[PDB]
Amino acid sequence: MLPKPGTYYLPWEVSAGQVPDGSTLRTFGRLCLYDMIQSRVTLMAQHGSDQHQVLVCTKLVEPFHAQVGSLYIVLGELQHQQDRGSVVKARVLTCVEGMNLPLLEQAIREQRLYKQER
């Protein structure tokens, strides 16, 4: 009984509403909010030239030991809310400070292009 794979999406793709409700995804960003009482995390990423927010629900990854200010990769399912923002329901929330972010992003791009070229 296996979940779908955590497909890589850039955070500004999640932000812009480009991932369908119910998709399973990996994304990334700097942890800028953790509120345990409301089980909420916000991940942030810059992209030419705005800030982009990814809302994360931490219920399944509690007890969560936050490194606020650090880079994370979240793995989970995206869910529409009625009617604030779409939230990622995390199944995995991993601290990756100091990953080489632009290299990650290139690896994601190369992976996608290869799939497309096949």
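Residue numbers run from 1 along the displayed sequence.
Averaged over CA atoms, B-factors in the entry run higher in 76-84 than in the other of 34-42 and 76-84. When the mean C-alpha temperature factors of 13-21 and 97-105 are read from the deposited coordinates, 13-21 comes out higher. Annotation for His52: CA B-factor lies in the highest third of the chain's modelled residues.
Placement of the Cα temperature factor of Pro3 within the chain: highest third of the modelled residues, per the deposited record. Per the deposited record, the Cα B-factor of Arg26 falls in the lowest third when ranked against the other modelled residues of its chain.
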